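Chains as they are written, first to last, in PDB author numbering: chain D, 9 to 796; chain E, 9 to 796; chain F, 532 to 796.
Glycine included, every Cβ here is placed at the ideal spot set by N, Cα and C.
What follows is a set of notes on a single structure, which appears directly below.
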Amino acid sequence: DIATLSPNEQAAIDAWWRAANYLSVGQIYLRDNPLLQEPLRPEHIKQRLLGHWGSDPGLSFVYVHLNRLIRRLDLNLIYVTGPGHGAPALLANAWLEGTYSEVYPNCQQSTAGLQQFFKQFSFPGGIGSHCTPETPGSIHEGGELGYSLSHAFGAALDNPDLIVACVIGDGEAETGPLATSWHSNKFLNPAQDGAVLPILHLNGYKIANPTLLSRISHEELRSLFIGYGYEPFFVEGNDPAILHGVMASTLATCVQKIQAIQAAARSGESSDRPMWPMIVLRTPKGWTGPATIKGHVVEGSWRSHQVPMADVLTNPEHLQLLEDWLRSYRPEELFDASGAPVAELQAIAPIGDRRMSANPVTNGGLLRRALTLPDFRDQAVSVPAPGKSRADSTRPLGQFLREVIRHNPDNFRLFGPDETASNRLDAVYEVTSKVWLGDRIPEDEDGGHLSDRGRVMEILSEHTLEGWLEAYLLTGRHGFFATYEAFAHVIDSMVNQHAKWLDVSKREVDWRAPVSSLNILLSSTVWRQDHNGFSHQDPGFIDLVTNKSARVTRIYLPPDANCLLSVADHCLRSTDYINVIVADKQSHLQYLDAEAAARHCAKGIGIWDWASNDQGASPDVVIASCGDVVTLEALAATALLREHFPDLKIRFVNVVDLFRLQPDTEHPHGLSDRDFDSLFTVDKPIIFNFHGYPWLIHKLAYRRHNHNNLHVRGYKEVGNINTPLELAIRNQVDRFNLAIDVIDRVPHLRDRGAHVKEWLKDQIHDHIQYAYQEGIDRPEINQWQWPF
Amino acid sequence: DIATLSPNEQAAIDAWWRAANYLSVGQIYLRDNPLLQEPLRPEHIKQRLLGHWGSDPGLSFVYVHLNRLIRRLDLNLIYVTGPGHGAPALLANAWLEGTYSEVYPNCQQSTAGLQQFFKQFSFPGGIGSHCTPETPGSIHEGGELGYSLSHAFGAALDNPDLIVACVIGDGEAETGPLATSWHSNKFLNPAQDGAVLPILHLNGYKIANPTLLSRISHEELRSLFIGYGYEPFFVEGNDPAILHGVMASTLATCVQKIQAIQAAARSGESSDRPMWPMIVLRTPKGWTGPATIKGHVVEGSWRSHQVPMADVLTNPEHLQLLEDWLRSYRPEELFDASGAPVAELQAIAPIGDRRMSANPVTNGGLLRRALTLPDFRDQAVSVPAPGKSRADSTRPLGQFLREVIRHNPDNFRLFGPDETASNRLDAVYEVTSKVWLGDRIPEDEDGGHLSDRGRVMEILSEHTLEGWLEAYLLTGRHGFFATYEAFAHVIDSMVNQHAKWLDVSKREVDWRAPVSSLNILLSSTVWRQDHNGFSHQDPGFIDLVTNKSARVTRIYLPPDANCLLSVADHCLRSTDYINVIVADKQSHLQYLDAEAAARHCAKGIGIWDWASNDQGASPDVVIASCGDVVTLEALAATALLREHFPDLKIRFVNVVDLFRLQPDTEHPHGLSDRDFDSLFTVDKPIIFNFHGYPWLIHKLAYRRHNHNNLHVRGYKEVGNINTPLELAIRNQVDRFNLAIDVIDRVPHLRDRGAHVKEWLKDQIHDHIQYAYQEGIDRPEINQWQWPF
Amino acid sequence: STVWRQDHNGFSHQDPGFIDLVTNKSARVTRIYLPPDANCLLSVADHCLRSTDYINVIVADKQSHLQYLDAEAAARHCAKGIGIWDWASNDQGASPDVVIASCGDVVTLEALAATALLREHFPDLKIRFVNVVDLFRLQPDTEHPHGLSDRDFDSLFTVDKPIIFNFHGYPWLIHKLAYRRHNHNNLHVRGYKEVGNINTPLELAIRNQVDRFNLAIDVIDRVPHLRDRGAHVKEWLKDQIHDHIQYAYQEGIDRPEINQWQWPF
Ligand SMILES: Nc1ncnc2c1ncn2[C@@H]1O[C@H](COP(=O)(O)OP(=O)(O)NP(=O)(O)O)[C@@H](O)[C@H]1O
Ligand SMILES: Nc1ncnc2c1ncn2[C@@H]1O[C@H](COP(=O)(O)OP(=O)(O)NP(=O)(O)O)[C@@H](O)[C@H]1O
Ligand SMILES: Nc1ncnc2c1ncn2[C@@H]1O[C@H](COP(=O)(O)OP(=O)(O)NP(=O)(O)O)[C@@H](O)[C@H]1O
Ligand SMILES: Cc1ncc(C[n+]2csc(CCOP(=O)(O)OP(=O)(O)O)c2C)c(N)n1
Ligand SMILES: Cc1ncc(C[n+]2csc(CCOP(=O)(O)OP(=O)(O)O)c2C)c(N)n1
Ligand SMILES: [Mg+2]
Ligand SMILES: [Mg+2]
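Structure representation (structure tokens):
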């Protein structure tokens with residue numbers, strides 16, 4: 009009897025459906041007189057109309073039907089909204105369920121509450137027109153389109169009984185990120201994870217053009233969505249009397265198959281990739297609004313996308329049409345005198361946490377358990393002498409991540425775009441593998457590292473991975489993203505969205521608990537260009553992240569493996585941040601042991617006393633580095649200067665936290681003027697060697713008292729192919745150019761260092777000539793060790 | 009069957025009782041090995057013991073019995089703890105009920121959760137030893153004793169079905185604030201408010217002395233507590249087998265009488281002051297711990313107050329006694345292997361919001377509805393000419409408060425220590441009256457303004473009034489406190505406690521929602537000394553409040569009635585602050601109309617253009633005032649200077665927000681250096697006339713670029729009796745001394761203003777001589793108006 | 532019982548604010564004494580049991596503490612109310628580079644420990660140690676006869692060297708008392724700001740920046756010929772702050788060498 013729809017139940021569901029639309033339209037238009045007790049007047053209409061209408065009925069259409077199956081089958085559901093402009097529909101149902109009144113006591117279920125509820129939407133000092141963090145039961149802001157689908161899969165991970173109902177607009181489906189995220193079914197495990205129920209809201213139109221997926225034939229539509237690995241179900245029409253029963257049956261069909269798929273997998277009898285059920289919903293745009301405006305068809309057309317009538321404040325004719333639109337919902341039979349929904353509506357409202365707007369998963373910070381972090385000092389490489397030993401920088405991190413996975417079998421995950429092996433993090437493969445539910449071959453047994461139980465997820469689409477991870481954190485869990493720095497620009501749009509979400513959730517919204525940080529590891533830099541990656545890779549992603557703020561993003565550039573461990577250990581505890589860690593996978597020198605590394609990362613920036621020779625004296629120059637390749641060149645330059653200028657006093661400063669350079673006025677995390685003057689003196693030149701665009705340092709540290717003595721060398725440009733030393737020579741960040749820069753800046757070396765400066769230019773000439781002759785650097789360059 | 013206790017139920021209750029004690033002792037002592045699976049070793053004991061034990065069993069003893077009646081009679085209860093050092097008992101029951109795990113997912117109900125639960129208590133980076141805001145279901149921090157009782161009555165207000173079980177230690181009862189707060193029964197309305205169930209924990213001892221209330225005879229104890237208006241019930245003994253049944257019966261007896269009292273009152277058949285039930289509980293201190301230590305009796309003695317054995321880390325003998333103490337609870341039969349309580353314990357655990365640790369009343373900010381504030385401009389007095397008309401300053405505020413009460417019949421209240429009539433706020437009496445359930449006489453009909461339905465509360469004890477209001481706010485409601493400035497020092501201790509509570513709730517605790525502000529109106533100043541109040545009243549309370557922070561307290565000194573309205577309207581919307589408004593009740597000049605007043609209070613500080621004559625030019629001096637009496641003298645001095653020095657250019661600045669003077673580095677609310685330099689120039693003398701101790705201005709504004717030109721005149725001292733002008737002359741804040749101060753500071757007036765300065769001193773001589781001759785000031789002083 | 536050595540009893544956010552309230556009355560009716568050790572406490576109590584028309588407020592701590600002055604030296608110190616400690620100083624016959632002043636007993640210990648740290652790492656640095664018992668001596672003699680003269684104040688605290696004042700109370704109270712002095716622009720007061728819920732004695736001093744390590748850092752910042760030369764020591768001092776906080780969060784108490792610190796030299 010679950011598939012069939014009772015006429016009595018059909019009426020109450022239809023009653024809820026119209027009331028949700030009525031509240032949605034009231035939010036768009038009304039600022040006063042919520043229930044039409046008195047004739048509508050221009051003083052009740054909002055001056056500026058920013059809400060969108062063409063998607064609201066469809067979202068409410070599915071939402072009321074989703075609540076039906078929760079009441080019947082006791083399903084645990086989440087609502088993820090593709091078109092973020094359909095916010096009124098979600099809020100209206102949130103208010104109808106009673107969630108919004110509990111979260112916001114001002115907007116009660118009354119006439120006075122409705123006046124506040126209607127006036128707040130898309131209003132200065134109110135709430136936005138998208139699924140902002142202020143929305144109860146919202147994890148995804150659909151303002152930027154293409155990421156709703158991935159967030160459904162991310163939230164589904166390690167939530168076996170959860171079902172995430174993600175509604176997808178046809179226009180959104182034309183975007184690149186969402187077209188590739190359909191293949192996320194291959195990495196979702198039916199045994200341990202929940203289900204995603206994709207609903208294609210094929211209203212037929214974008215803002216102003218028809219959606220191609222609508223204008224592509226039905227046969228090719230089913231062909232496209234079986235090739236994605238889904239079992240597609242089609243509900244088409246325009247008359248709700250037929251569509252109420254038809255749609256209810258389809259949703260009943262889908263849930264049984266989802267449970268049948270999960271029952272088959274968890275029993276172990278069918279350990280294969282299943283054909284997940286997906287719904288294709290073709291309904292008119294602006295479904296229950298005006299039919300035509302000014303002789304142009306509006307309903308079921310792109311003209312209904314935002315607002316069918318935007319001149320209602322001007323001419324009374326549309327004003328009467330607006331009031332006629334509102335009364336078509338028959339609000340008199342939907343709300344009582346007080347302003348609450350009628351008891352028929354309250355009957356079909358789910359109860360407590362079973363409500364999709366009050367599910368604690370959406371406010372994931374309440375479901376967040378801190379990771380049991382093993383002591384990273386067990387994985388710290390031994391550094392008996394600083395800078396005299398070489399070890400692979402990322403491998404200790406891989407071993408540390410291995411022990412985190414061991415102690416957090418479900419709460420932690422790894423995400424990587426087919427680069428985990430290249431990034432040299434294979435230590436995690438010793439305890440787990442990579443997720444794969446596609447076809448398997450015996451050749452995968454040797455080094456495939458493929459298993460459905462794996463805690464590491466791999467796909468070449470960087471958009472898919474970022475959406476997977478962001479949803480995983482917002483549901484109250486932990487993760488770590490590792491990728492090349494060359495392709496970081498691909499996810500720049502997605503990072504902005506998540507940073508937006510975190511910043512609002514901290515300051516504006518008070519009831520949203522903190523979630524875990526977004527930890528990103530840019531594992532291959534632009535200085536050590538390996539085989540893969542384009543020639544002109546740029547560090548520009550770092551500039552984009554620092555663009556957001558110091559109070560939501562953190563940038564770490566640890567010099568060695570022990571600093572990488574301390575940084576990763578520190579950032580696996582921080583909550584409301586986007587942590588971007590820039591480290592290189594090549595074999596590098598090691599500088600700090602576990603104790604010294606931990607103190608260094610706690611400060612974020614500090615003097616290296618072994619690399620300095622200014623103890624108990626005023627340094628003639630401060631050499632600072634931020635990175636690992638540039639740190640090596642800065643250290644090598646320091647060694648050269650001390651050989652040729654024994655009396656020269658050099659203070660070596662290494663900075664790991666980029667944002668420490670900002671003054672404490674901008675953010676509390678930054679250094680004070682006294683602290684900054686202690687590290688970098690008030691009047692001596694600073695030769696800063698930065699892994700990135702040099703101006704980023706100037707943007708951060710322009711307010712310092714010694715900024716006029718700050719001289720930053722960083723990434724400028726590249727040739728087609730360069731050796732590691734030649735590439736550093738092109739950007740003037742190599743050891744020889746840095747030594748020349750120190751000679752130019754130190755006042756008592758311009759006259760005295762001329763002969764050394766000529767010798768340094770000779771070395772630049774010799775190494776370039778050798779590079780063009782052999783294709784690599786000289787052995788003494790590759791095996792350079794810290795002297796002294 | 010509710011009164012009698014079943015043996016099966018007695019066992020489960022006793023099982024819960026011991027488990028709560030066991031967790032309490034574990035928190036005090038253990039940092040590792042929560043369940044005694046392995047022999048106790050010194051590495052499991054906490055290094056420093058800061059918890060208190062002598063009160064923990066008593067609190068848990070009542071708590072388990074309170075949960076009994078919640079499960080039986082479905083009562084809505086709150087736990088308010090007198091002795092705040094009994095925090096472990098509350099936390100243990102909070103953990104047992106499951107509340108703590110939901111709020112804190114790290115401290116789960118397992119062995120691993122218990123390890124975190126035990127290690128956190130009284131630990132660096134953990135939680136405190138008192139009922140801090142981090143405690144679930146806590147409104148009152150009992151660290152400072154004497155205010156638990158008043159907070160019970162405050163939370164009870166306008167919560168008719170709530171019952172607040174407040175446990176009171178006998179030592180606490182010796183304090184002044186709690187002895188007088190027993191009479192709060194007379195102001196609690198059984199018809200509209202809930203009940204308070206006072207439980208006297210008469211353990212017989214303080215920290216080191218016997219409690220007098222224990223050593224006073226039982227007959228005189230019952231005599232004392234019937235004189236307070238309570239029906240006292242006595243439960244005495246030391247054997248829990250008898251005391252379990254006896255005390256269950258007594259609690260059953262009390263609830264029925266409380267419901268009978270409420271049933272009689274709400275039916276209207278008995279509208280008299282009832283004899284509320286109160287429990288006197290005499291149990292040994294350190295009830296279930298060691299009997300004797302080193303030959304000294306510990307249990308049932310002051311030696312058990314904090315820690316019965318504090319050398320357990322030193323000698324193994326006490327270490328074995330400690331482990332013997334833990335095993336007396338028989339933990340093997342109380343927790344399973346995993347670390348959760350046994351299913352017998354879970355049976356008697358209340359469910360959901362019926363749990364006293366998860367009652368949403370305690371986290372009152374979730375229950376907070378913003379006040380429907382009428383437009384204050386309806387009550388604004390007309391000021392056609394600034395400073396040329398006189399009106400009573402506080403009466404418009406009384407009318408505004410009247411309209412707030414009208415639109416907020418239950419959410420708002422007034423609190424005053426027998427000064428509302430004196431403060432001239434009688435406009436509120438037009439709609440409501442004052443609470444009184446004592447004897448009534450026909451003489452009260454004329455101007456008594458007494459009724460049980462009143463929204464204004466009056467009692468001469470300032471301590472109990474402050475406790476009433478703080479609890480009212482922390483339960484999610486609104487209020488306004490009006491009192492003299494002379495007696496503000498009385499509540500200084502209480503204000504510190506509430507400010508402490510707010511500051512932690514904002515920064516540390518994340519799940520506690522904001523509550524309404526604490527609004528205090530110091531309605532009678534020290535300059536206009538009326539009949540009542542001692543001669544040497546000081547403004548020192550203002551200095552005490554500014555000690556706390558600019559981020560939790562705000563000080564407002566509005567000059568006129570319209571500024572008082574804007575300030576009160578602004579502060580009735582702010583949430584997490586202690587707002588202290590200093591205004592005077594006397595007839596004063598009016599300076600700003602509704603529009604100009606609102607702009608002024610929005611800035612908090614700004615130039616008065618009508619009182620200035622420096623438009624389009626650099627002012628020779630800046631005259632600033634903060635208050636209303638000192639504003640009049642500053643204005644009168646400005647008038648004198650302009651009459652005698654027509655070329656002199658004076659900028660008049662009035663400051664309402666005191667904390668705007670602090671630089672923006674300390675707090676965002678403060679002015680920037682550019683903004684401050686705009687109001688007070690970078691190089692001209694500032695003659696600041698402050699209502700308070702002059703050093704407070706220097707503390708706030710010492711970092712400003714022009715602080716070396718800041719010259720503050722304020723309250724120094726008083727004589728026995730002075731006229732308003734003579735008192736200002738003694739403190740050198742009158743118009744004549746201010747004009748002299750301007751002459752001294754302006755560089756081009758030292759030579760040129762000598763003759764005027766002599767004339768000004770003549771006026772000081774003349775007015776003092778007239779004051780000693782007549783006892784009042786001259787008519788031209790009392791009726792001074794702004795010229796020009 | 533002071534607020535720095537938080538005992539079992541008492542609320543977490545106890546404040547020294549009562550001292551500020553008393554100083555609001557006058558120097559001619561109230562006296563505030565903060566004796567550093569037991570002998571100084573005896574002389575103060577003996578002196579105040581003879582005075583007639585005053586409110587004497589004596590701030591002392593009950594915990595086990597170091598002892599600094601014997602009966603003869605203690606009595607001379609209380610008679611002055613404020614004086615140089617010659618054993619804790621190393622500037623005899625020379626101009627001190629910095630004046631370290633303390634007012635209290637816990638803050639005196641941290642001020643002494645900071646002095647010991649500075650002398651170990653900067654042997655050439657000359658430090659004058661001043662201890663304050665009578666708070667109101669800091670007020671100039673113009674306000675009250677009991678206060679020090681300008682010449683007397685300049686002798687203790689020089690006219691041009693930085694003063695690192697470690698006060699048991701709100702730091703602004705020192706500025707209210709001694710704003711008129713010729714060297715007030717070089718007076719840098721560290722006192723009670725705020726507390727956490729529960730702290731170890733060293734951690735609580737670290738939160739308020741009155742511990743030995745923060746004071747040593749403050750001296751490095753203020754002394755003109757140490758900004759360049761003391762950078763490496765300042766980094767080491769911050770490492771000690773990091774290490775002791777980490778140990779505090781790990782064990783719940785301070786390290787044994789902190790609890791059993793003695794005056795070297
Ligand atoms: N004051 C500044 N504000 C912003 N960006 C700056 C500033 N000075 C330099 N830069 C940037 O820093 C990079 C190179 O300049 P800089 O780091 O100052 O090295 P430099 O050797 O000192 N060059 P110059 O300052 O012209 O002598 C470029 O990206 C510049 O745009
Ligand atoms: N720098 C300061 N710090 C603290 N309090 C101060 C300071 N300067 C002045 N005061 C206080 O302010 C009051 C009077 O000083 P002030 O406000 O500067 O006016 P004034 O006429 O300039 N007196 P003066 O500074 O001595 O010439 C007294 O109560 C002083 O204690
Ligand atoms: N002139 C002053 N008048 C009143 N209080 C002051 C003054 N100067 C500093 N303070 C207070 O002293 C405390 C710390 O400042 P201070 O004692 O001068 O040490 P400091 O390290 O020099 N701080 P700063 O002066 O801002 O560089 C704060 O609580 C200030 O409010
Ligand atoms: C890549 C991209 N191009 C354009 C837009 C502008 N935009 C915002 S909402 C929206 C409508 C999405 O179309 P559809 O999925 O059909 O949504 P619905 O019909 O449900 O409104 C568009 C085009 C966008 N957000 N992203
Ligand atoms: C006015 C005051 N004096 C002293 C103290 C110190 N103090 C803190 S807790 C406490 C014990 C309270 O005694 P009692 O009510 O007998 O408590 P219980 O035996 O339940 O611990 C004391 C004296 C205080 N908080 N307030
Ligand atoms: Mg569309
Ligand atoms: Mg007691």
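Check: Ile705/F C-beta below 8 Å from any heavy atom of ligand 3: Within the third sequence, residue 705/F is the residue found at index 174, counting from 1. Taking non-hydrogen atoms of ligand 3 into account, the C-beta of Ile705/F is found less than 8 Å away from one of them.
Contacting positions in the segment 614-627 of chain D - beta carbon closer than 9 Å to chain F: Of all residues in the segment 614-627 of chain D, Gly614, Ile615, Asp617, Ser620, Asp622, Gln623, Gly624, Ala625, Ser626, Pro627 have a Cβ within less than 9 Å of some Cβ in chain F.
Buried versus exposed, by CB contacts within 10 Å (16 or more), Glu453/D: Position 445 of the first sequence holds residue 453/D. Counting every other CB atom within 10 Å of its CB across the protein chains shown gives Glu453/D a total below 16, marking it as exposed.
Where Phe489/E falls: helix, strand or coil (DSSP): Locating residue 489/E in the second sequence gives position 481, counting from the first residue. DSSP places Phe489/E in strand when its eight states are reduced to three.
Backbone CA spacing between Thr322/D and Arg223/D [nearest angstrom]: For this step, residue 322/D is matched to residue 314 along the first sequence. For this step, residue 223/D is matched to residue 215 along the first sequence. Straight-line measurement puts the Cα of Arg223/D at about 36 Å from the Cα of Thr322/D.
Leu208/E - DSSP class collapsed to helix/strand/coil: For the purposes of this step, residue 208/E is taken as residue 200 along the second sequence, with counting starting at 1. If DSSP states are grouped into helix, strand and coil, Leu208/E belongs with the strands.
Where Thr673/D falls, given that 16 or more other Cβ within 10 Å makes a residue buried: Translated into the one-based positions of the first sequence, residue 673/D becomes position 665. Flag for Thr673/D reads exposed.
Identity of the residue in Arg738/F, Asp628/F, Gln670/F, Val754/F nearest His713/F by Cα: Taking the first residue of the third sequence as position 1, residue 713/F is located at position 182. Among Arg738/F, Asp628/F, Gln670/F, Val754/F, the Cα nearest to that of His713/F belongs to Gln670/F.
Three-state secondary structure (DSSP) of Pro50/D: Against the first sequence, residue 50/D aligns to sequence position 42. Secondary structure of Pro50/D (DSSP, three-state): helix.
heavy atom of ligand 1 below 8 Å from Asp518/E C-beta: As a working mapping, residue 518/E is identified with position 510 in the second sequence. Not one heavy atom of ligand 1 is found less than 8 Å from the C-beta of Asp518/E.
Inter-residue Cα distance where the pair is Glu427/D and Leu573/D: The residue you call residue 427/D lines up with position 419 of the first sequence. The residue you call residue 573/D lines up with position 565 of the first sequence. Separation of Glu427/D and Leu573/D (C-alpha to C-alpha, rounded to the nearest whole angstrom) is 20 Å.
Test: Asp577/D CB closer than 9 Å to a CB of chain F: Working through the first sequence from its first residue, we reach residue 577/D at position 569. No - not a single Cβ of chain F is within 9 Å of the one on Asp577/D.
Counted within 10 angstroms of its Cβ, other Cβ atoms place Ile550/E as buried (16 or more) or exposed: By one-based count along the second sequence, residue 550/E stands at place 542. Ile550/E should be labelled buried.
Distance, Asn587/E Cα to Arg559/E Cα: Residue mapping note: residue 559/E aligns to position 551 of the second sequence, counting from 1. Residue mapping note: residue 587/E aligns to position 579 of the second sequence, counting from 1. Cα to Cα, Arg559/E sits roughly 11 Å from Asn587/E.
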